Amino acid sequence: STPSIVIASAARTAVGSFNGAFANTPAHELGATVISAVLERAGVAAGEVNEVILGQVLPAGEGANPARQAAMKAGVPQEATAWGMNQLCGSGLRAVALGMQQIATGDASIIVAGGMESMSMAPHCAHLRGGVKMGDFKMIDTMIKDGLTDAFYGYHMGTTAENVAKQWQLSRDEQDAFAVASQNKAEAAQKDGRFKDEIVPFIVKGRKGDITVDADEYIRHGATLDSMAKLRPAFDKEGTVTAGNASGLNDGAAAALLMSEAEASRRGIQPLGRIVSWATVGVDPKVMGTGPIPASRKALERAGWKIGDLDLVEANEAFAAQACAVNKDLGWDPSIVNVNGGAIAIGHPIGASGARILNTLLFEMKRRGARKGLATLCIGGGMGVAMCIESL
């Protein structure tokens, strides 16, 4: 016996548009509906939860330990514990791995892991203690500063996307075609109802009416090639990366309920998947979108799998440029990759995104009867993270 951890249930909120559906909704409120959903979906009571682990990159101003606020809201008992973590864009997936490890070391039985992010609610800030004798000073967008910018060179992540576009010789036309495809695929999945199983509706509490949000709002309908082609390079004036072939700024939460394989068998739960391996690797910050390459490779080696053994893949679409370079290097069949669209369409709620794509993978593996899956993301500052899933 070697530990075997399973994913008993999963869920996500719709991914809200920047200052959209979740514009004034705290990340923990989203996370709390996702916690209640995994619990209800699994047939597990809040009472049984030992720990809640929630990847989250932008918690400034939300109060002490937003993960515990989420667990507490969801009725997870005070006797349980909770914590937040930050491996930037990888966070939501990394948390799942960290969850797995709690069970594997005998420290916990039942874990809810994933991530949550409200980019809309990220505040602007300034260090004012010393005090500003005289003159103007900057109020800093914490979302840009703490979530989207390279810490060591100063530039937007998009600049790394360009570095990757230049290196892999990825034309504007390749990048835009990829973008348009992500949209059209995500539209088709959405229209066919392929996101319903994974999405838990979220009730946005109002003064003048409650609003039920259960549709991914960032997905553009009838996206045209021309709409992409017309855009201006966003980061480099003779660049190639645009706001249309990059993912956006988004809100959401996503999580999974985990237990041992034998525990799921005792409870009669038909799990979404066995966690067969995971990995995280570093790369050059300058080309951070390449992260998935060494991370997926290492994850696969750990499972004893060939790239060609995979039946479905979710590789997060930070930028068309990096998603393209990843697909090229790995060489896996692109028809099995982000089959229901990706982040360019669906969005990128940073700390939740790793769990969001996991949710998409898992519910698509169930529906198509895919045996072996892999989810992976690039990570600002130069890292990768990947996870292998096998169906039971």
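The first residue of the sequence shown is number 1, and the count goes up from there.
- Higher average CA B factor: 230-238, of the stretches 72-80 and 230-238.
- The mean Cα B-factor in the deposited entry runs higher for 131-139 than for the other of 213-221 and 131-139.
- The PDB entry assigns the greatest CA B-factor among 191, 124, 196, 208 to 208.
- Of the candidates 85, 275, 161, 180, the PDB record gives 161 the highest C-alpha temperature factor.
- Among all modelled residues in its chain, residue 331 ranks in the highest third by Cα B-factor.
- The deposited CA B-factor of residue 26 belongs to the middle third of values across its chain.
- In this PDB entry, residue 284 carries a Cα temperature factor that places it within the highest third of its chain's modelled residues.
- Among the modelled residues of its chain, residue 10 has a C-alpha B-factor that falls in the lowest third according to the deposited record.
- For residue 317, the recorded CA temperature factor ranks within the middle third of the chain's modelled residues.
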